[PDB]
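Peer 1: Have a look at this one before I ask anything.
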2 protein chains.
Amino acid sequence: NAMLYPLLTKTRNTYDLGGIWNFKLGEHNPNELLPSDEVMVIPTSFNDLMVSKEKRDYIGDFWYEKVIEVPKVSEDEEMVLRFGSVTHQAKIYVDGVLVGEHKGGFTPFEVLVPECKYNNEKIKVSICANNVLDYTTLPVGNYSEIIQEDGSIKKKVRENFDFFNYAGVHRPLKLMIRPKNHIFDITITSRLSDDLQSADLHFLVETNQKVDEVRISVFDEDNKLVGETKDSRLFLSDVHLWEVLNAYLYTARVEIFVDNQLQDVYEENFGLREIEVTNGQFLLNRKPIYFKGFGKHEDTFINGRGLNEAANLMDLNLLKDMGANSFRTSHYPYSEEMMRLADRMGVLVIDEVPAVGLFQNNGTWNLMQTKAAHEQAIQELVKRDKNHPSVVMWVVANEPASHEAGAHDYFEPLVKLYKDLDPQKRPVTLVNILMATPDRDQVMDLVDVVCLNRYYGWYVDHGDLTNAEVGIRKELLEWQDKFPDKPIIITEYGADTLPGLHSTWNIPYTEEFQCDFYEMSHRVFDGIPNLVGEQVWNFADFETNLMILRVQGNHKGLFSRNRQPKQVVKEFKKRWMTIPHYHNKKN
Amino acid sequence: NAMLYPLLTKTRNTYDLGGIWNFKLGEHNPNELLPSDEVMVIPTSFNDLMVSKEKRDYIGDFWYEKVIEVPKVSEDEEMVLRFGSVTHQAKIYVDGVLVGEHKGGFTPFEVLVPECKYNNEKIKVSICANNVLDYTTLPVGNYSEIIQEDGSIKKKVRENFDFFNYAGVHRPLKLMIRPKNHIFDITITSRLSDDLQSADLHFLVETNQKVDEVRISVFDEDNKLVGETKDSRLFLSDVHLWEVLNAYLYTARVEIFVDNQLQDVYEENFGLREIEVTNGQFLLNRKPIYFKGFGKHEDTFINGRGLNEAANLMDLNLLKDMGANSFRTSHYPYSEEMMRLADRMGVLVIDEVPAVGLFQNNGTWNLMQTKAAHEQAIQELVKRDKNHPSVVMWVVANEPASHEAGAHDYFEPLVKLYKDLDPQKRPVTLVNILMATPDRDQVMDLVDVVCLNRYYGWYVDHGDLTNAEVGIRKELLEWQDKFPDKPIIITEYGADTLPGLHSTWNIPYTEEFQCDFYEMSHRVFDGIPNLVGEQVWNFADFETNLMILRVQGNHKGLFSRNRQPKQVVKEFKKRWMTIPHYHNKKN
Ligand SMILES: [Mg+2]
Ligand SMILES: [Mg+2]
Ligand SMILES: [Mg+2]
Ligand SMILES: [Mg+2]
């Protein structure tokens, strides 16, 4: 119900509630006043702000509480609390009274403030956040409890994924004043003409009550009116297409009227671009695209998984400079701010739900109770991002046990849910793990694009690039042979590389070996006609939990965690600026 | 003016204008539409977001521009743009019309939006920022122009200070709807009783127009009413003092009434605590205080000088954990968010204007045209921060040429300005440079506290701790003898230390030598009765410009720039947790 990005309009007052909140790790009664003994920032992960390991490793309920002054609310208006996200679970309280809940730490949700408080001077907002992950949540965790022999139970979450379980309120919290009779949702679809000069637009505006008129004004990038409609349909000539690294955005100003007066107004951006997957190719605007980019992470020093718009722009500027053109929201939906940035900069985005960890240590599909959370995640993501021209593909899961029995039955309705909910019917994919090699895999028949995470030379044939090349070329041909019409994209491939580590003997973990690894990989990729994309793992080093294979987090980044480059960055820029975005390898 | 922190009240609608703005380094006509070819985040430094050195080193005018939808503004209301800061200079435009201007990159200012646009659908806000520094600006820079012989002028700023000239809109920009007749300033003072159990509160509420009644309600930390008055004076009993690392804050809800109806409402926090400098001691609540802490910088990766509240809380939590109690806003006023955080966490703050670089690379005071900027800086800082209980001392300058002729005449009226403007009449100091030995210095007689930046063992007697110890002890005794009743605080002392550098032979730049340097320093400090504080340089590594003494920035941090500790951090925690906050070394 809150998939529309929060705006300041003539009918919508949007206030930011970010800043210092009273904080507590542990139990709390929302009817009681949380003291200011401990405080916390919104938005940010709380973890790296804790000095001790004990508090940084906390699992369970943790509270945010602050008294907010009530703004003027008219009779025909309603006041809601719009969360960008709360990680992972949340129960929201107003004056000690439960007013909303949400499960899933990477999707936005709104909560209605009771009308009986609109004339009060202040309201106390309490946020009960929860970072527990188990077999019912996305992402998947291994939950356990141990008795401290002190009388209390201590919770632990052994992650089923390769990234640190950062938690907290990671995205902006807004106090929204909006009309009771308001615009609920906007869907924008287009059919491009045969000459790509015209477009048949369709605006599906959802309301909660009914209005006499639904007016839509369309403006270009010069803020010039180019179209008007009251019947949810509009034809437009002299269109400017949204292009890769050359974006063009229109704005649809939607106005609803009752008795000839404005009830609510909203502005939704959109881009004109065509997507089609056919004949082992990914077509953008009817031209073959070669994906060049990164698997990423919402990860930065200090803030952790918290929003940092400066980081987004810095990352995307580096992406553009290297000659790259895309990235994947691994392994969870990123902030709306990032998606809007990608729209504005013309960066292709592979959108992904938090479906990572669907893998036992078998009998995975008798153990995974994630169906409910998986369906909601797909519902929320599509509803939130369906209008983004940057979003070009959906991901049902990252490295699930797609070789075990019951896998095909699990994913078929989920792939279908993507196809049913997305009005653009964009391609959906499943990110494949090495254990699910062509013969054993039983799910890749459901998707439109084959996405592979392969580490020949790092995990398999470690430090053995000679035999790694034989192995990767062998399997890529197997995939291409099993699905002759499906395009292939490498979504993950890389090697842990610590800055400063050097050698003349192609030694793993050194900067030179990272260069050698990618050079070999690309030699193989360029020989596969159906391979239409390469996305490295990762853009930058990121935090993980404690595992012997992890040398203080993950170091497969091309850049360090401070966005400083490694040796391999210079090499990628040469390759990526040589290969055009529109690149046909069928010739 | 714009001294008051932006709040959301029933009479004040405050909207955040942060996000993505259309950006351009170079010339621009605000009557024209800035395209979206380049974008930039507010708030952040723009520098580290540029991939190329050329654009990162840009000096001159650079523009932010965005079309903003106008919210509801009633007949008795006005609409202003409230900038937390713009670095360094700014001209503000609304629909191409100049409407505001400010000089100084670290203080807030507001700008009125023309009333004739309150009923317009949208307004275009253009920000013409400028990062030029010279002999008329604070901080001081060495400006120069060189023709590229292409017909164009290339500007260059050679900094007169040891930190990178980060620029941009570093702090939140607010769109504020407020009543035309509003509260524009609130001054809160208090006289503590002899038993420290009661307090006499004085309030000075300033409005731009006449009001019938000023009602002030005071609430404690439990949000309970403890007093109310219409006469701007109030007596309190059973008061709770604001203590070091044990803060207690009261809230003053100020309401102005006209014709028996609410005109405007604002809430200002304050703390009850007493400050006095006497007999070579710094007294907080009539008890001898020992300062333990850091000289800091508003500096993180990516954001540069941009506001990061998470970074503020992370740093202050580390400060608290180590047993420290204070820091200095070197070398410019920090964000209001940081000051308010320090209030909440009971951290002592030495507040500082950007008066750094008053030193010619003699005759400094025949070349410095900084008088006007210096007076404004003091006026703005005091007006903004006077109600902060965390602020315990003002700095008039950092390392000026205080040994040259003309120095005393320059600083005497500036020290006086601090005393005249500050209603609490807090001690003011001058941060002294090593060239100005007790015999040479001619300005320290004006200040209440002697603050010294000394690097015996690093700059003088480099890597010779034996001779360094003699030198620092010798001069410290001279300062104590020249000013027998002035407290001494070491505001800077440290050694560049790159993580990973190790040796058994006390080698500079290694982690061991940093420990050795500080161990020697403290042995000396503990033998000086009048030395009442130690603040290291720096808390964390930070960015500087290019010069041979700088190994990719400054590495004198106890922590790395990513807030990871160095070897010495463990040693400081031992010492700082043994020495209490209230520590009398007169005995
Ligand atoms: Mg930030
Ligand atoms: Mg491989
Ligand atoms: Mg020294
Ligand atoms: Mg001592």
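Just so you know, the numbers here start at 1 and follow the chain as drawn.
Heads up, the Cβ atoms here are built off N, Cα and C, so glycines get one too.
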Peer 1: According to Swiss-Prot, B:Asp162, B:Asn453, B:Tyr459, B:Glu492, B:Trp537, B:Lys556 bind D-glucuronate; which one of B:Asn208, B:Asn223, B:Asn398 is annotated to that same site?
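Peer 2: Of the residues offered, the record points to B:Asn398.
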Peer 1: Taking the residues B:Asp162, B:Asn398, B:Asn453, B:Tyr459, B:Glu492, B:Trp537, B:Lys556 listed for D-glucuronate, what is the greatest CA to CA distance in Å, to the nearest whole number?
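Peer 2: So the binding residues stretch over 18 Å, Cα to Cα.
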Peer 1: Calculate the distance in Å between the alpha carbons (Cα) of B:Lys556 (D-glucuronate binding site) and B:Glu399 (active site, proton donor), and round it to a whole number.
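Peer 2: Just about 17 Å between their Cα atoms.
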Peer 1: Which one of these recorded positions, B:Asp162, B:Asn398, B:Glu399, B:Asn453, B:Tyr459, has the sparsest Cβ neighbourhood, judged by other Cβ atoms within 10 angstroms?
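Peer 2: With the recorded positions B:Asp162, B:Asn398, B:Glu399, B:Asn453, B:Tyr459, fewest surrounding Cβ atoms within 10 Å: B:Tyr459.
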Peer 1: Could you tally the C-beta atoms, other than its own, that fall within 10 angstroms of the C-beta of B:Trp537 (D-glucuronate binding site)?
Peer 2: 25
Peer 1: Are there any residues at least 6 positions away along the chain from B:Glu492 (active site, nucleophile) with a Cβ closer than 8 Å to its Cβ? List them or say none.
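Peer 2: When sequence neighbours closer than 6 are ignored, B:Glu492 (active site, nucleophile) has B:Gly295, B:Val431, B:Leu452, B:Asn453, B:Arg454, B:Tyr455, B:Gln535, B:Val536, B:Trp537 within Cβ distance under 8 Å.
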Peer 1: With H, G and I counted as helix, E and B as strand and the rest as coil, say where DSSP puts B:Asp162 (D-glucuronate binding site).
Peer 2: coil
